[PDB]
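A.B. asks: Everything below, folded, please.
(2 chains)
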Amino acid sequence: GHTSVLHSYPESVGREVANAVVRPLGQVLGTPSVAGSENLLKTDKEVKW
Amino acid sequence: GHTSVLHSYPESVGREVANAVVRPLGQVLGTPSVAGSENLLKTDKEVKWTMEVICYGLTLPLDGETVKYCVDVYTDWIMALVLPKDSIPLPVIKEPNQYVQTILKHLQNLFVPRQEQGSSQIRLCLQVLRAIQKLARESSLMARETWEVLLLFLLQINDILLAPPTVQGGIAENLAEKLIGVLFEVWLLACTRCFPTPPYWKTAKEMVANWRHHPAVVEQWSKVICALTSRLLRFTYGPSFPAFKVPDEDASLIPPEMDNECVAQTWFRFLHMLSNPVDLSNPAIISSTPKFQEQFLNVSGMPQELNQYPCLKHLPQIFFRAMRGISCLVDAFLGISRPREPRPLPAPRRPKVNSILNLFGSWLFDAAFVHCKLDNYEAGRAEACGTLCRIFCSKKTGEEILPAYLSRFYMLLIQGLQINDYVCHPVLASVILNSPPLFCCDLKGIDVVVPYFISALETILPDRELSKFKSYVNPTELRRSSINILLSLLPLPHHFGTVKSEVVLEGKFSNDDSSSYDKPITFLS
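C.D. replies: Numbering: from 1, shown residues only, chains lettered A, B, ... in the order given. Okay, here it is:
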């Protein structure tokens, strides 16, 4: 179960995708604020992706 | 269902991840000279992830080759239905229907017009259109659900690219012909085998009524209905009946696999597919679509935008083209295959005049009278009784005609033949030219309109060169028709003499100024 979907693709584009997709999540999680943005994910497909 | 999962993320990061995914995958699958390479997709989760990430890429602007790779891999993937390819992943071949349905759902976002990349957008759109066209033309066996999805996708993209008002230099102007042609071709192919359900017919009829301001729509409809009616009359009567002429390409639009019984239903449904062509005469009705109403909210400039839109200047030509098409259809039904140049004699196997009136005359009568009440759409009005005027003269001898049709035709003839102030040269010339044997066909009560014809001829025969009519019809042919009409009325006085002729005084219709309107005029005068 530890296998990754992005493994088949080249490593450079894989790491580009990884950083580009995790940077906004890390920014949102850090520096908590009173305002509620309703997170970013809403449905099962989004959280699965 | 076409919304991409990646839309939640900000635009910049989404563009970056889409480009990063599409660069190697596109450069491998889309680019040629990649035979023998193992597929990068092996599992259903893999292919679903890839499909979603590629689907988000369409919304991105066409800058760079990312959109080119996306459309190329889409065209390669959709071609898997026609024939399997090495680059196609194995799970795609295993379950093709659902995957191609999802791809077609994703392709809807591509056709959305963009800001300034139309130079490449036109090429990409035509490539996708021809890819789908060849996909459906040589399609393998597939479930009717895929056909329904394809038809809905075509209707949706046509609605996206046609409903808004036409702006000069836009993509819609250059792509309307291709869109309508591919829509009609795919619809005919679907009716060949699937025969889509009545709800789809209703949806198409409702959607197509909003694209009547594009000149290509009426032309394509006319061509396809001419092909269908030629195919129908090819077997409705038999080889004895004259064959309707039709271009080879238009005859090739319909496939020969259709059985005789199925042709009638699709012919009727396509004949009524477009709304009443008389609607094109009214400019307010055309400029009342829901998109136009939404556009009317954005309308804040000239107050005459209800009748001065950029795309409302082509209405007279579109109406004339529709009237020409319906006139050609009526001529094919009647037996006058050639134009009007001599006109061949009507075939002995032609249907009764009342049936032709029931089938077509309602549209013809409405089109004639709507411009009778209205020099803007004169060509359509002239063609209207071109057709009508010609229909009645082809009646078989001793054939009964329903009196309502005769009354309507007589009213039309009275309205057309006016000289005082309500004179229109094209319709008058058409009425005179189209009906030489009008009086000779022993029409019941035709003698009532005799004084109007006498008054009309007094303003054409004494004229030397017919300057007013020389820009619409050939003066020599018009003179010949006038002579034929006059020569058929000379025996009437001496034959009748003192017999009174009824007068119909419903307003300022009579041309005489003798203050004897309430008096049946005898032929002696």
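A.B. asks: what's around the closest residue to residue A:49 other than its chain neighbours, how many residues?
C.D. replies: In space, and not counting its chain neighbours, residue A:49 is closest to residue B:5: 5.4 Å by Cβ to Cβ, 6 or more residues apart in numbering or on different chains. In this view, the C-beta of every residue, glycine as well, is placed from N, C-alpha and C. Residue B:5: 19 surrounding residues under other Cβ atoms under 10 Å in any protein chain shown.
A.B. asks: The helix or strand where residue A:24 lies packs against which elements?
C.D. replies: Element membership of residue A:24 [criterion: DSSP states H and E] is helix A:11-29. If you count contacts as 3 or more Cβ pairs under 8 Å, 6 or more residues apart in numbering or on different chains; DSSP states H and E, helix A:11-29 packs onto helix B:11-25.
A.B. asks: so the helix it packs on versus helix B:66-78, what angle?
C.D. replies: Interaxial angle, helix B:11-25 versus helix B:66-78 (axes from the mean of the first three to the mean of the last three Cα atoms, to 10 degrees): 50 degrees.
A.B. asks: who touches the residue in chain A positioned nearest to chain B in this structure?
C.D. replies: Nearest residue of chain A to chain B: residue A:16, at 4.2 Å (Cβ to the nearest Cβ). Contact partners of residue A:16, counting by Cβ atoms under 8 Å, 6 or more residues apart in numbering or on different chains, are B:16, B:17, B:20.
A.B. asks: Likewise for residue A:24?
C.D. replies: Residues in contact with residue A:24 (Cβ under 8 Å, 6+ apart) are A:40, B:9, B:10, B:13.
A.B. asks: Name the residue most distant from the centre of chain A?
C.D. replies: Here the centre of chain A is the reference, and by Cα atoms, centre = their mean the most remote residue is residue A:34, at 22.3 Å.
A.B. asks: Got phi/psi on that one?
C.D. replies: Dihedral pair for residue A:34: phi -70, psi -30, per degrees, to the nearest 10.
A.B. asks: and if you look at residue A:9?
C.D. replies: Note on residue A:9: its backbone torsions stand at phi -70, psi 160 [degrees, to the nearest 10].
A.B. asks: now swap in residue A:30 and tell me
C.D. replies: Main-chain torsions, residue A:30, degrees, to the nearest 10: phi -70, psi 160.
A.B. asks: Equivalent analysis for residue A:3, please.
C.D. replies: Main-chain dihedrals, residue A:3, degrees, to the nearest 10: phi -70, psi 150.
A.B. asks: what distance separates stretch A:27-47 from the centre of its chain?
C.D. replies: Mean-position distance between stretch A:27-47 and its chain equals 11 Å (Cα atoms, centre = their mean, to the nearest Å).
A.B. asks: Touching it from outside, list them.
C.D. replies: Contacts to stretch A:27-47, defined as Cβ under 8 Å, 6+ apart, come from residues A:24, A:25, B:5, B:8, B:9, B:52.
A.B. asks: now the end-to-end length of that stretch.
C.D. replies: End-to-end distance of stretch A:27-47 (Cα to Cα, to the nearest Å): 17 Å.
A.B. asks: do the same with stretch A:39-48
C.D. replies: Between the opening and closing residues of stretch A:39-48 there is a gap of 15 Å (Cα to Cα).
A.B. asks: again, but for stretch A:5-19
C.D. replies: From its first residue to its last, stretch A:5-19 covers 15 Å (Cα to Cα).
A.B. asks: next one: stretch A:1-18
C.D. replies: Taking Cα to Cα, the first and last residues of stretch A:1-18 lie 19 Å apart.
A.B. asks: about what we covered before: how about the contacts of residue A:24, which pair is most distant?
C.D. replies: For those, the maximum inter-member distance is 11.0 Å, found between A:40 and B:13 (Cβ to Cβ).
A.B. asks: Taking their axis directions, the helix holding residue A:24 and helix B:44-57 sit at what angle?
C.D. replies: Computed by the same axes, to 10 degrees, the angle separating helix A:11-29 from helix B:44-57 equals 70 degrees.
A.B. asks: Run the chain-centre distance for helix A:11-29.
C.D. replies: On Cα atoms, centre = their mean, the centre of helix A:11-29 falls 6 Å from that of its chain.
A.B. asks: likewise stretch A:5-25?
C.D. replies: With Cα atoms, centre = their mean as the basis, stretch A:5-25 stands 9 Å off its chain's centre.
A.B. asks: Between the two ends of stretch A:23-35, how far is it?
C.D. replies: Stretch A:23-35 has its terminal residues 20 Å apart, counting by Cα to Cα.
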